[PDB]
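1. Once you've seen the sequence and the experimental structure below, I've got questions.
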Amino acid sequence: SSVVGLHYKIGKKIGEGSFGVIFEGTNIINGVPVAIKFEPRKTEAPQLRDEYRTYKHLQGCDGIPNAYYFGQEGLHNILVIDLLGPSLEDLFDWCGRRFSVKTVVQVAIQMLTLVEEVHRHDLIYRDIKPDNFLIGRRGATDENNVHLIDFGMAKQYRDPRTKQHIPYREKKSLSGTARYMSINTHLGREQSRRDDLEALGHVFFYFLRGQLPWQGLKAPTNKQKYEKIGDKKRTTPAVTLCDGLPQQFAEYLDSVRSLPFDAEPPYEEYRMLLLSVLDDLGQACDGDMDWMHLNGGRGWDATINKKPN
Ligand SMILES: Cc1ccc(-c2n[nH]cc2-c2ccnc3ccccc23)nc1
Ligand SMILES: [Cl-]
């Protein structure tokens, strides 16, 4: 049958890189579009169910899609959430692999708020990358707001009742994305709130510069390449990353790298710090984003942009 979870008609495939295939779909009661993820039920790393629980735990958070359904059908488990738009990596690419200072500040404070809400719900994200932050759909009220998906790497960092932080430990696996992950992650250290925010700082410099200086490194093995990347991170001062850029971005990176393991980050201080960039430059925080000017003011286009995607 073409309909799963009673109410969701399967449409075209829209990717498969995480655990399972992802499809578009439509709610056959109201026509609202959805994203549908399939996980093979006979898998040794069951993950979809825990992701449904994470979405349900974050229900009501701005920028976190609703999960409408989870169930088993045939040989698959199925999860259904809101359908969103292109990722920030997509939009970055279509804007020529550089975002303006204003667009970086504006997405940064939204990304800080998203990660803050994750943290307030006792979770760390552990897979920060521009590919997992998505905008909305064309014409929607949240068309150009930033959203966060893919919680397969998320983990509880504190007991929900007592707020007791997990213990520090080392010899952790190097799971994550080497371009953005924190220095602590390279060193096999248990991640905490500070590591999500340091990865954000790397993403901010990536958007501003167009590249990070630890891209393009060579080594015979993935393990040795990750190590060289971590080495480069440890030997590149934030003011060097920030050459010719507003120094608030260096101050942010140094700050979150200095956070104690169990410390609560001052999220609003960080947001005010980056907002002061716009004051310095005489700009307004008015929601105008680089990608809104693509294609003559029309916005991103499926055959000009998303087809090279
Ligand atoms: C159940 C479920 C469905 C999808 C996803 C997902 N994973 N990565 C990106 C998306 C994703 C989410 C929402 N709208 C999209 C639109 C286009 C491309 C990807 C997405 N996760 C869980
Ligand atoms: Cl090796």
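-> Perfect, I can see it now. Residues are numbered from 1 along each chain as shown. Ligands and ions are numbered 1, 2, ... in the order given.
2. near ligand 1, which residues of the stretch 1-150 of the chain?
-> Residues of the stretch 1-150 of the chain lying near ligand 1 by Cβ under 6 Å from any ligand atom: 14-15, 18, 22, 35, 37, 79-81, 83-84, 149-150. For every residue, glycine as well, the C-beta is placed using N, CA and C.
3. Which one of those is nearest to residue 125?
-> Comparing those against residue 125 with Cβ to Cβ picks out residue 150 as the nearest, at 9.0 Å.
4. Chain neighbours aside, what residue packs nearest to that closest one?
-> Nearest residue to residue 150, sequence neighbours excluded (Cβ to Cβ, 6 or more residues apart in numbering): residue 132, at 4.6 Å.
5. Can you add distance to residue 214, secondary structure and neighbour count and give the residues of the stretch 1-150 of the chain next to ligand 1 back as TSV?
-> As requested, these are arranged in TSV below (distance: Cβ to Cβ, whole Å; DSSP: H, G, I helix; E, B strand; the rest coil; neighbours: other Cβ atoms under 10 Å):
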residue	distance to residue 214	secondary structure	neighbour count
14	31	strand	13
15	27	strand	10
18	24	coil	18
22	30	strand	19
35	32	strand	21
37	32	strand	26
79	34	strand	24
80	38	strand	24
81	33	strand	21
83	34	coil	23
84	29	coil	21
149	26	coil	22
150	23	coil	18
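6. so residue 289 makes contact with residue 105?
-> No: Residue 289 is beyond contact range of residue 105, at 10.7 Å (criterion: Cβ atoms under 8 Å).
7. The two - which one has more neighbours?
-> A count of neighbours by other Cβ atoms under 10 Å puts residue 105 above the other of residue 289 and residue 105, at 25 against 21.
8. Correct me if wrong: the more buried one contacts residue 274.
-> Yes: the pair residue 105 / residue 274 is scored as a contact, 5.1 Å apart, by Cβ under 8 Å.
9. Show me what the longest helix along the chain is packed up against.
-> Across the chain, the longest stretch assigned as helix under DSSP state H is helix 101-120. Helices and strands touching helix 101-120, by 3 or more Cβ pairs under 8 Å, 6 or more residues apart in numbering; DSSP states H and E, are strand 133-134, strand 147-148, helix 193-209, helix 267-281.
10. so the residue nearest to residue 150 makes contact with residue 147?
-> No: the criterion here is Cβ under 8 Å, and residue 132 misses it with residue 147 at 9.3 Å.
11. neighbours around residue 280, how many?
-> Residue 280 is flanked by 11 other residues according to other Cβ under 10 Å.
12. which residues touch it?
-> Going by Cβ atoms under 8 Å, 6 or more residues apart in numbering, residue 280 touches residue 246.
13. I'd like the distance between it and residue 181.
-> The gap separating residue 280 from residue 181 is 30 Å, by Cβ to Cβ, to the nearest Å.
14. what do you get for residue 55?
-> Taken as Cβ to Cβ, the span from residue 55 to residue 181 is 24 Å.
15. For the two, work out which one has more neighbours and name it.
-> Comparing residue 55 with residue 181 by neighbour count (other Cβ under 10 Å), the higher total belongs to residue 181, at 25 against 21.
16. quick one: contacts for residue 275?
-> 105, 109, 285.
17. do that again at 10 Å, thanks
-> With contacts defined as Cβ atoms under 10 Å, 6 or more residues apart in numbering, the neighbours of residue 275 are 105, 106, 108, 109, 248, 285.
18. My read is that the second one contacts residue 146, right?
-> The reference is to residue 106. Yes: if you go by Cβ atoms under 10 Å, residue 106 and residue 146 touch, sitting 8.7 Å apart.
19. Give me the common contacts of those two.
-> Contact criterion Cβ under 10 Å, 6+ apart; residues shared by residue 106 and residue 146: residue 289.
20. OK, now which residue of the stretch 201-309 of the chain is nearest to ligand 1?
-> In the stretch 201-309 of the chain, the residue that lies nearest ligand 1 is residue 306 (9.9 Å; Cβ to the nearest ligand atom).
21. Now for residue 283, how many residues are close by?
-> By other Cβ under 10 Å, the residues close to residue 283 number 15.
22. cool, the one 10 residues further on as well?
-> Other residues near residue 293 number 12, with proximity taken as other Cβ under 10 Å.
23. and it, what is it in contact with?
-> Neighbour list for residue 293: 95, 299 [criterion: Cβ under 10 Å, 6+ apart].
24. before we move on, what about residue 286?
-> By Cβ under 10 Å, 6+ apart, the neighbours of residue 286 are 102, 106, 278.
25. what's the burial count for the closest residue to residue 234 other than its chain neighbours?
-> Excluding its sequence neighbours, the residue lying closest to residue 234 (Cβ to Cβ, 6+ apart) is residue 183, at 5.8 Å. Residues lying near residue 183 (other Cβ under 10 Å) number 16.
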